[PDB]
file start_21.tsv (TSV, C-alpha atoms)
chain	number	residue	atom	x	y	z
P	434	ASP	CA	37.49	5.00	-4.89
P	435	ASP	CA	37.70	5.57	-1.12
P	436	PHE	CA	34.22	4.14	-0.46
P	437	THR	CA	33.89	2.48	2.95
P	438	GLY	CA	30.79	0.49	3.80
P	439	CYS	CA	28.62	-2.30	2.45
P	440	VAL	CA	26.60	-2.77	-0.74
P	441	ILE	CA	23.53	-4.98	-0.31
P	442	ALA	CA	21.96	-6.45	-3.45
P	443	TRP	CA	19.34	-9.18	-3.85
P	444	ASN	CA	16.99	-10.51	-6.51
P	445	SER	CA	13.72	-8.56	-6.75
P	446	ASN	CA	12.11	-10.15	-9.83
P	447	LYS	CA	9.02	-11.03	-7.75
P	448	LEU	CA	8.55	-7.44	-6.54
P	449	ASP	CA	9.81	-4.91	-9.12
P	450	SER	CA	8.65	-6.75	-12.26
P	451	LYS	CA	5.31	-7.32	-13.98
P	452	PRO	CA	4.31	-9.45	-16.99
P	453	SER	CA	2.95	-6.37	-18.78
P	454	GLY	CA	6.24	-4.53	-18.17
P	455	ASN	CA	7.28	-2.53	-15.09
P	456	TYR	CA	8.08	0.71	-16.89
P	457	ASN	CA	8.16	2.83	-13.71
P	458	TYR	CA	11.97	2.46	-13.47
P	459	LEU	CA	14.14	4.78	-15.56
P	460	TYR	CA	17.89	5.01	-16.13
P	461	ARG	CA	20.02	7.76	-17.64
P	462	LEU	CA	21.68	6.56	-20.85
P	463	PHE	CA	22.97	9.79	-22.44
P	464	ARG	CA	24.73	12.70	-20.75
P	465	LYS	CA	27.35	15.30	-21.61
P	466	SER	CA	29.72	14.34	-18.77
P	467	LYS	CA	30.22	11.50	-16.32
P	468	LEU	CA	28.87	11.65	-12.78
P	469	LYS	CA	31.06	12.53	-9.82
P	470	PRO	CA	31.06	10.28	-6.73
P	471	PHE	CA	27.68	10.52	-4.96
P	472	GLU	CA	26.28	12.81	-7.66
P	473	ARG	CA	22.64	12.94	-8.77
P	474	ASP	CA	21.21	14.27	-12.05
P	475	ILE	CA	17.40	14.28	-12.24
P	476	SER	CA	17.21	16.57	-15.28
P	477	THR	CA	15.15	15.20	-18.18
P	478	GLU	CA	16.17	17.66	-20.92
P	479	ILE	CA	16.72	16.08	-24.33
P	480	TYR	CA	20.43	15.38	-24.80
P	481	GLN	CA	21.85	16.69	-28.08
P	482	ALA	CA	23.90	13.89	-29.65
U	194	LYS	CA	33.78	46.06	14.41
U	195	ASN	CA	33.09	42.33	14.04
U	196	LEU	CA	34.42	40.19	11.18
U	197	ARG	CA	32.65	37.05	9.95
U	198	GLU	CA	34.28	34.33	7.83
U	199	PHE	CA	32.76	31.36	6.02
U	200	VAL	CA	34.00	28.46	3.89
U	201	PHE	CA	31.64	26.51	1.62
U	202	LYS	CA	33.01	23.23	0.25
U	203	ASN	CA	31.22	20.51	-1.74
U	204	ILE	CA	33.20	17.29	-2.21
U	205	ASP	CA	31.89	13.81	-3.14
U	206	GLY	CA	28.32	15.06	-2.75
U	207	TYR	CA	28.75	16.35	0.81
U	208	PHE	CA	28.45	20.07	1.55
U	209	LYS	CA	30.72	21.23	4.39
U	210	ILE	CA	30.41	24.62	6.10
U	211	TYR	CA	33.00	26.35	8.29
U	212	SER	CA	32.34	29.48	10.33
U	213	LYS	CA	34.17	31.58	12.91
U	214	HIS	CA	33.99	35.24	13.89
U	215	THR	CA	36.90	37.36	15.10
U	216	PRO	CA	36.38	40.92	16.39
U	217	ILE	CA	38.91	43.24	14.75
U	218	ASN	CA	39.76	46.91	15.15
U	219	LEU	CA	38.34	49.62	12.90
U	220	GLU	CA	41.76	50.20	11.31
U	221	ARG	CA	41.18	48.06	8.21
U	222	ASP	CA	39.57	44.85	6.99
U	223	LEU	CA	41.18	41.41	6.79
U	224	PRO	CA	44.12	41.98	9.17
U	225	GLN	CA	47.21	39.82	9.46
U	226	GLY	CA	47.37	36.69	11.59
U	227	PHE	CA	45.60	33.35	11.63
U	228	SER	CA	42.11	32.31	12.73
U	229	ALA	CA	41.13	28.67	12.19
U	230	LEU	CA	37.49	28.15	11.26
U	231	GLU	CA	35.44	25.41	12.90
U	232	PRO	CA	33.04	23.07	11.08
U	233	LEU	CA	29.39	23.46	12.04
U	234	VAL	CA	27.14	22.02	9.29
U	235	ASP	CA	27.79	18.94	7.16
U	236	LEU	CA	25.06	17.55	4.91
U	237	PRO	CA	24.98	15.65	1.60
U	238	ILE	CA	23.24	17.25	-1.37
U	239	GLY	CA	24.58	15.09	-4.21
U	240	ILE	CA	24.17	17.93	-6.71
U	241	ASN	CA	26.64	19.76	-8.95
G	98	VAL	CA	34.52	29.53	-2.17
G	99	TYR	CA	35.75	31.37	0.92
G	100	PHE	CA	33.21	33.97	2.07
G	101	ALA	CA	33.96	36.88	4.40
G	102	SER	CA	31.89	39.84	5.55
G	103	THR	CA	32.10	42.59	8.16
G	104	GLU	CA	28.87	44.56	7.68
G	105	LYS	CA	27.19	45.75	10.87
G	106	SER	CA	23.83	44.34	12.03
G	107	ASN	CA	24.37	41.20	9.87
G	108	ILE	CA	22.83	42.68	6.73
G	109	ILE	CA	23.69	39.52	4.75
G	110	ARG	CA	21.29	36.68	5.58
G	111	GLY	CA	22.14	33.66	3.43
G	112	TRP	CA	23.70	32.27	0.28
G	113	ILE	CA	22.63	30.53	-2.93
G	114	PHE	CA	24.19	27.46	-4.55
G	115	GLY	CA	23.44	25.74	-7.84
G	116	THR	CA	24.62	24.93	-11.33
G	117	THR	CA	22.04	26.57	-13.63
G	118	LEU	CA	19.70	28.36	-11.18
G	119	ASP	CA	16.68	28.29	-13.52
G	120	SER	CA	14.68	25.40	-12.01
G	121	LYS	CA	16.38	22.97	-14.40
G	122	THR	CA	18.49	21.26	-11.71
G	123	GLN	CA	18.41	20.87	-7.93
G	124	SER	CA	19.92	23.91	-6.23
G	125	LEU	CA	20.84	24.67	-2.63
G	126	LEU	CA	19.34	27.61	-0.73
G	127	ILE	CA	20.34	28.93	2.69
G	128	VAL	CA	18.20	31.42	4.62
G	129	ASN	CA	19.31	33.06	7.87
G	130	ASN	CA	17.39	35.19	10.35
G	131	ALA	CA	17.22	36.04	14.05
G	132	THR	CA	15.15	32.97	14.98
G	133	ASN	CA	16.04	29.92	12.88
G	134	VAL	CA	17.80	29.03	9.63
G	135	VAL	CA	16.37	26.89	6.82
G	136	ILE	CA	18.67	24.91	4.52
G	137	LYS	CA	16.87	23.27	1.61
G	138	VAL	CA	17.92	22.00	-1.82
G	139	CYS	CA	15.26	22.30	-4.52
G	140	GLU	CA	14.60	23.33	-8.12
G	141	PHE	CA	14.23	27.03	-7.35
G	142	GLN	CA	13.43	29.53	-10.10
G	143	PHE	CA	15.83	32.15	-8.77
G	144	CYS	CA	15.11	35.80	-9.47
G	145	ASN	CA	17.60	38.32	-10.84
J	1	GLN	CA	-11.22	-13.29	-19.93
J	2	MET	CA	-9.53	-13.34	-16.53
J	3	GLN	CA	-11.76	-14.88	-13.86
J	4	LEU	CA	-11.28	-15.42	-10.13
J	5	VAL	CA	-13.65	-17.50	-7.99
J	6	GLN	CA	-13.52	-18.94	-4.48
J	7	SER	CA	-15.02	-21.97	-2.76
J	8	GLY	CA	-18.57	-22.10	-1.46
J	9	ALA	CA	-19.70	-20.97	1.96
J	10	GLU	CA	-19.17	-23.17	5.01
J	11	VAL	CA	-20.30	-23.30	8.64
J	12	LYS	CA	-18.41	-25.44	11.17
J	13	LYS	CA	-17.99	-25.73	14.92
J	14	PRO	CA	-15.00	-24.17	16.71
J	15	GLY	CA	-12.03	-26.49	16.29
J	16	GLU	CA	-12.88	-28.37	13.08
J	17	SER	CA	-10.17	-26.61	11.01
J	18	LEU	CA	-12.12	-26.00	7.81
J	19	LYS	CA	-10.45	-25.17	4.50
J	20	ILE	CA	-11.32	-22.59	1.83
J	21	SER	CA	-9.92	-22.75	-1.69
J	22	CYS	CA	-9.73	-20.33	-4.63
J	23	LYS	CA	-9.59	-21.04	-8.36
J	24	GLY	CA	-8.20	-18.61	-10.92
J	25	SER	CA	-7.88	-18.64	-14.69
J	26	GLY	CA	-7.26	-16.43	-17.70
J	27	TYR	CA	-3.71	-15.45	-16.72
J	28	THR	CA	-0.33	-16.85	-15.73
J	29	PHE	CA	-0.78	-17.81	-12.06
J	30	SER	CA	2.96	-17.75	-11.43
J	31	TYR	CA	3.80	-14.03	-11.56
J	32	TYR	CA	0.88	-12.31	-9.77
J	33	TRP	CA	0.79	-12.07	-5.98
J	34	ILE	CA	-2.44	-13.58	-4.64
J	35	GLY	CA	-3.78	-13.07	-1.14
J	36	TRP	CA	-6.84	-12.84	1.08
J	37	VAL	CA	-8.73	-10.12	2.95
J	38	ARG	CA	-10.78	-10.71	6.10
J	39	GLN	CA	-13.93	-8.70	6.88
J	40	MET	CA	-15.93	-9.43	10.02
J	41	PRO	CA	-19.63	-8.46	9.92
J	42	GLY	CA	-19.90	-4.83	10.98
J	43	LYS	CA	-16.24	-3.83	10.56
J	44	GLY	CA	-13.92	-2.94	7.70
J	45	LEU	CA	-11.43	-4.96	5.70
J	46	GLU	CA	-8.56	-6.76	7.44
J	47	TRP	CA	-5.72	-8.04	5.26
J	48	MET	CA	-4.13	-11.31	6.41
J	49	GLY	CA	-1.39	-12.11	3.90
J	50	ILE	CA	-0.31	-12.84	0.35
J	51	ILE	CA	1.66	-15.56	-1.43
J	52	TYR	CA	3.67	-15.62	-4.66
J	53	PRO	CA	2.66	-18.75	-6.61
J	54	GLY	CA	6.03	-18.90	-8.38
J	55	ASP	CA	7.76	-20.16	-5.22
J	56	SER	CA	7.33	-20.79	-1.49
J	57	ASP	CA	7.85	-17.12	-0.55
J	58	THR	CA	4.98	-15.98	1.67
J	59	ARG	CA	4.11	-12.86	3.64
J	60	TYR	CA	1.56	-12.43	6.44
J	61	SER	CA	0.16	-9.58	8.48
J	62	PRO	CA	1.62	-9.16	12.01
J	63	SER	CA	-1.86	-9.84	13.43
J	64	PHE	CA	-2.14	-13.05	11.35
J	65	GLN	CA	1.31	-14.64	11.70
J	66	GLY	CA	0.00	-17.82	13.34
J	67	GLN	CA	-3.77	-17.38	13.32
J	68	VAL	CA	-4.07	-18.37	9.64
J	69	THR	CA	-1.78	-19.89	7.02
J	70	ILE	CA	-1.91	-19.33	3.26
J	71	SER	CA	-0.78	-21.77	0.57
J	72	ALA	CA	-1.10	-22.14	-3.19
J	73	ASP	CA	-0.59	-24.74	-5.92
J	74	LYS	CA	1.04	-23.55	-9.14
J	75	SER	CA	0.35	-26.82	-10.99
J	76	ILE	CA	-3.44	-26.29	-10.83
J	77	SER	CA	-3.45	-22.54	-10.14
J	78	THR	CA	-5.35	-23.03	-6.88
J	79	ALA	CA	-4.90	-21.20	-3.58
J	80	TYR	CA	-5.90	-22.53	-0.17
J	81	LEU	CA	-6.74	-21.22	3.29
J	82	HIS	CA	-6.27	-23.25	6.46
J	83	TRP	CA	-7.08	-22.56	10.11
J	84	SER	CA	-6.41	-24.29	13.42
J	85	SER	CA	-8.32	-24.13	16.71
J	86	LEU	CA	-11.26	-22.08	15.43
J	87	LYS	CA	-12.96	-19.65	17.80
J	88	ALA	CA	-16.19	-17.67	17.92
J	89	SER	CA	-14.42	-14.53	16.69
J	90	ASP	CA	-13.23	-16.25	13.49
J	91	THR	CA	-16.50	-15.87	11.55
J	92	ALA	CA	-15.92	-13.33	8.78
J	93	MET	CA	-16.27	-12.73	5.06
J	94	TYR	CA	-13.07	-13.57	3.18
J	95	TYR	CA	-12.28	-11.92	-0.16
J	96	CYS	CA	-9.38	-13.02	-2.35
J	97	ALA	CA	-7.29	-10.58	-4.36
J	98	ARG	CA	-4.55	-10.62	-6.98
J	99	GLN	CA	-1.78	-8.25	-8.04
J	100	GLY	CA	-3.01	-7.43	-11.53
J	101	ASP	CA	-1.45	-5.13	-14.10
J	102	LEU	CA	-2.89	-1.94	-12.60
J	103	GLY	CA	-0.22	-0.96	-10.08
J	104	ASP	CA	2.59	-2.30	-7.92
J	105	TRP	CA	2.98	-5.84	-6.61
J	106	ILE	CA	1.39	-5.03	-3.23
J	107	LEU	CA	-1.64	-3.22	-4.68
J	108	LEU	CA	-4.72	-5.45	-4.96
J	109	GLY	CA	-6.11	-5.15	-8.48
J	110	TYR	CA	-8.97	-7.64	-8.76
J	111	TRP	CA	-11.24	-9.39	-6.26
J	112	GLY	CA	-13.24	-12.60	-6.04
J	113	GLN	CA	-16.89	-13.15	-5.21
J	114	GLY	CA	-16.42	-13.82	-1.49
J	115	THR	CA	-16.93	-16.82	0.79
J	116	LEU	CA	-18.98	-16.66	3.98
J	117	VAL	CA	-17.53	-18.50	6.99
J	118	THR	CA	-19.56	-18.91	10.19
J	119	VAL	CA	-18.16	-20.47	13.37
J	120	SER	CA	-20.70	-21.32	16.07
J	121	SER	CA	-21.98	-24.12	18.29
J	122	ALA	CA	-25.62	-24.21	17.12
J	123	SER	CA	-24.91	-27.40	15.10
J	124	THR	CA	-26.74	-25.86	12.10
J	125	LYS	CA	-30.35	-26.05	13.29
J	126	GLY	CA	-32.78	-26.94	10.51
J	127	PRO	CA	-35.24	-24.33	9.28
J	128	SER	CA	-39.03	-24.37	9.01
J	129	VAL	CA	-41.21	-23.08	6.17
J	130	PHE	CA	-44.78	-21.78	6.44
J	131	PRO	CA	-47.00	-19.96	3.93
J	132	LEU	CA	-48.50	-16.52	4.48
J	137	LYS	CA	-57.09	-9.34	2.31
J	138	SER	CA	-54.48	-9.32	-0.45
J	139	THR	CA	-57.01	-8.82	-3.26
J	144	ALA	CA	-52.92	-9.13	-5.09
J	145	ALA	CA	-49.74	-10.85	-3.89
J	146	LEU	CA	-48.63	-14.03	-2.14
J	147	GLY	CA	-45.74	-14.88	0.13
J	148	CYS	CA	-44.14	-17.40	2.46
J	149	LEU	CA	-42.46	-17.46	5.87
J	150	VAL	CA	-39.19	-19.03	7.00
J	151	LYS	CA	-38.58	-19.51	10.72
J	152	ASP	CA	-36.40	-21.42	13.20
J	153	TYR	CA	-33.17	-21.15	11.20
J	154	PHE	CA	-29.80	-20.30	12.74
J	155	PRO	CA	-27.61	-19.90	9.61
J	156	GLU	CA	-27.77	-16.55	7.84
J	157	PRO	CA	-27.21	-17.49	4.14
J	158	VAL	CA	-30.69	-18.89	3.51
J	159	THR	CA	-32.02	-18.53	-0.03
J	160	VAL	CA	-35.68	-18.60	-1.06
J	161	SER	CA	-36.94	-18.95	-4.64
J	162	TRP	CA	-40.32	-19.21	-6.35
J	163	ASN	CA	-41.29	-22.00	-8.76
J	164	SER	CA	-37.68	-23.24	-8.91
J	165	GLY	CA	-36.57	-19.83	-10.20
J	166	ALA	CA	-39.16	-19.54	-12.99
J	167	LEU	CA	-40.67	-16.39	-11.41
J	168	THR	CA	-38.32	-13.42	-11.12
J	169	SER	CA	-40.50	-10.44	-12.05
J	170	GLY	CA	-42.42	-8.96	-9.13
J	171	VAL	CA	-40.49	-11.05	-6.60
J	172	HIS	CA	-39.29	-9.23	-3.49
J	173	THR	CA	-37.52	-10.49	-0.38
J	174	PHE	CA	-37.62	-8.69	2.97
J	175	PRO	CA	-34.67	-8.80	5.39
J	176	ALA	CA	-34.54	-11.36	8.18
J	177	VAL	CA	-35.55	-10.57	11.76
J	178	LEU	CA	-33.86	-12.13	14.80
J	179	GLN	CA	-36.45	-13.45	17.25
J	180	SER	CA	-36.03	-13.33	21.02
J	181	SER	CA	-35.43	-17.10	21.15
J	182	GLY	CA	-32.14	-16.68	19.27
J	183	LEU	CA	-33.40	-17.63	15.79
J	184	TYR	CA	-33.93	-15.58	12.65
J	185	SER	CA	-37.04	-15.19	10.51
J	186	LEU	CA	-37.37	-13.94	6.94
J	187	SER	CA	-40.24	-13.59	4.48
J	188	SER	CA	-40.39	-13.35	0.69
J	189	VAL	CA	-43.30	-12.17	-1.45
J	190	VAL	CA	-44.20	-12.37	-5.13
J	191	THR	CA	-46.52	-10.18	-7.19
J	192	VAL	CA	-49.36	-12.12	-8.80
J	202	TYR	CA	-47.19	-20.45	-6.95
J	203	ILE	CA	-44.80	-22.63	-4.94
J	204	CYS	CA	-42.08	-21.01	-2.83
J	205	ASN	CA	-38.83	-22.99	-2.77
J	206	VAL	CA	-36.67	-22.55	0.34
J	207	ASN	CA	-33.19	-24.08	0.00
J	208	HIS	CA	-31.14	-24.31	3.20
J	209	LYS	CA	-27.66	-24.70	1.74
J	210	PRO	CA	-25.77	-25.14	5.07
J	211	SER	CA	-27.86	-28.27	5.79
J	212	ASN	CA	-28.85	-29.19	2.19
J	213	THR	CA	-32.52	-29.10	3.25
J	214	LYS	CA	-34.88	-27.97	0.48
J	215	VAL	CA	-38.55	-27.48	1.39
J	216	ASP	CA	-41.27	-26.74	-1.17
J	217	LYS	CA	-44.41	-24.93	0.00
J	218	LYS	CA	-47.45	-23.82	-2.00
J	219	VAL	CA	-49.44	-20.73	-1.03

call {"tool": "encode", "arguments": {"input": "start_21.tsv", "output": "structure tokens"}}
result
Amino acid sequence: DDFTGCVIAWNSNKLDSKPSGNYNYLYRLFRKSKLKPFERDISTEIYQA
Amino acid sequence: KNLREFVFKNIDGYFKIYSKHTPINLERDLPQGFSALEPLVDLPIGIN
Amino acid sequence: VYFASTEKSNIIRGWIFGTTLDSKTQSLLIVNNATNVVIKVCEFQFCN
Amino acid sequence: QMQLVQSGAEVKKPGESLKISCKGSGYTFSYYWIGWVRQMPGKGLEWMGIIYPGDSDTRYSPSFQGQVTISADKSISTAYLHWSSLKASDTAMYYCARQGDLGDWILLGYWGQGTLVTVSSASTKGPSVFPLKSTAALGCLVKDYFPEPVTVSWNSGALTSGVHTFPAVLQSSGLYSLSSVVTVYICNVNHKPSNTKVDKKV
């Protein structure tokens, strides 16, 4: 909540996308708890729902 | 005898380290008084 | 965690930080010696 | 099947500002980055730039920011190369490349067939054909030609078995000389840079 700085975002459909599907990008959808500010979770263990 | 103190804090993904040494007599450990620790190392780790 | 030590000849030479400490998540490791210190966060398989 | 072809070879004088084109098919030529790669005779590959056919966004190498421009036409799926103020050091083999579905957008997946470009002031001197103890084999001789891409055939291409072509040799007068033989006949020499076809019988 006390973040100070700038966030720079732009369209990258011509770089990070392919007609056959650019599957090299992954996102975490399930997790036991929410992430803290500036936290990283690279674990790939199967989440028990 | 030399006494060493350290403080390890991890807030908002940044790991802060404080360190300061104070020579104390051989009477006992952790004597009374105050000794402020100075920050030396600050680095982000982003881990839990 | 506040750390304090008074052992002669600096017997202690580092600390370990992590959440699971079995190479399942990134974990911090601090090594200290007479020449240079190495601070590195990795997926260490820490021993007993 | 996806195919990628370029224009034919050309040879012009310094300062004529020739143009090379590329034609692609078999895929959507709006999402794959297409570019070109320069290769001078004797050295390695030198990338010049790429262009995204979906829009006017272009990227060029720092060593080719103004030496060469790259354009494309999405309506006909055709790319183009243009130069200005040609010099003697501009002669090189140009290979086109496309993104492809193999890797990232910057990785070149497929390649064309190549287009030879020669820049000189010889004005494309015309060649000369001459025929060549064998009993057996026959052959012919080509002399007094400046351009390198000279092709020689036998009986309009009807004879392919036993045909062998030896590399060209540069004479002291500044002209090359090649010779082709056939195992046993009219040898057909076609000088594409000058459109001069000479038929000679052994």

call {"tool": "atom_distance", "arguments": {"input": "start_21.tsv", "atom1": "atom CA of residue 471 of chain P", "atom2": "atom CA of residue 231 of chain U"}}
result
24.5 Å

call {"tool": "interface_residues", "arguments": {"input": "start_21.tsv", "of": "chain P", "to": "chain G", "cutoff": "12 Å", "atoms": "all atoms listed in the file", "output": "number ranges by chain"}}
result
P: 472-478

call {"tool": "closest_atom_pairs", "arguments": {"input": "start_21.tsv", "of": "chain J", "to": "chain P", "cutoff": "8 Å", "atoms": "all atoms listed in the file", "output": "Markdown table"}}
result
| residue | atom | partner | partner_atom | distance |
| --- | --- | --- | --- | --- |
| J:31 | CA | P:452 | CA | 7.1 |
| J:32 | CA | P:451 | CA | 7.9 |
| J:52 | CA | P:447 | CA | 7.7 |
| J:101 | CA | P:453 | CA | 6.5 |
| J:104 | CA | P:449 | CA | 7.8 |
| J:105 | CA | P:448 | CA | 5.8 |

call {"tool": "interface_residues", "arguments": {"input": "start_21.tsv", "of": "chain U", "to": "chain G", "cutoff": "6 Å", "atoms": "only C-alpha atoms", "output": "JSON, numbers by chain"}}
result
{"U": [195, 196, 197, 198, 199, 200, 201]}

call {"tool": "atom_distance", "arguments": {"input": "start_21.tsv", "atom1": "atom CA of residue 118 of chain J", "atom2": "atom CA of residue 155 of chain J"}}
result
8.1 Å

call {"tool": "atom_distance", "arguments": {"input": "start_21.tsv", "atom1": "atom CA of residue 33 of chain J", "atom2": "atom CA of residue 95 of chain J"}}
result
14.3 Å

call {"tool": "closest_residue", "arguments": {"input": "start_21.tsv", "among": "U:217, U:207, U:202, U:194", "to": "chain P", "atoms": "all atoms listed in the file"}}
result
U:207

call {"tool": "axis_aligned_box", "arguments": {"input": "start_21.tsv", "around": "segment 122-133 of chain G", "padding_each_side": "4 Å", "output": "lines of an AutoDock Vina configuration file"}}
result
center_x = 18.0
center_y = 28.5
center_z = 1.6
size_x = 13.7
size_y = 23.2
size_z = 34.7

call {"tool": "closest_residue", "arguments": {"input": "start_21.tsv", "among": "J:139, J:121, J:161, J:85", "to": "residue 189 of chain J", "atoms": "all atoms listed in the file"}}
result
J:161

call {"tool": "closest_atom_pairs", "arguments": {"input": "start_21.tsv", "of": "chain U", "to": "chain P", "cutoff": "10 Å", "atoms": "all atoms listed in the file", "output": "CSV"}}
result
residue,atom,partner,partner_atom,distance
U:204,CA,P:470,CA,8.6
U:205,CA,P:470,CA,5.1
U:206,CA,P:471,CA,5.1
U:207,CA,P:471,CA,8.3
U:237,CA,P:471,CA,8.8
U:238,CA,P:472,CA,8.3
U:239,CA,P:472,CA,4.5
U:240,CA,P:473,CA,5.6
U:241,CA,P:472,CA,7.1

call {"tool": "residues_near_point", "arguments": {"input": "start_21.tsv", "point": "(25.9, 10.2, -26.7)", "cutoff": "12 Å", "atoms": "only C-alpha atoms", "output": "list in words"}}
result
residues 461, 462, 463, 464, 465, 466, 467, 479, 480, 481 and 482 of chain P
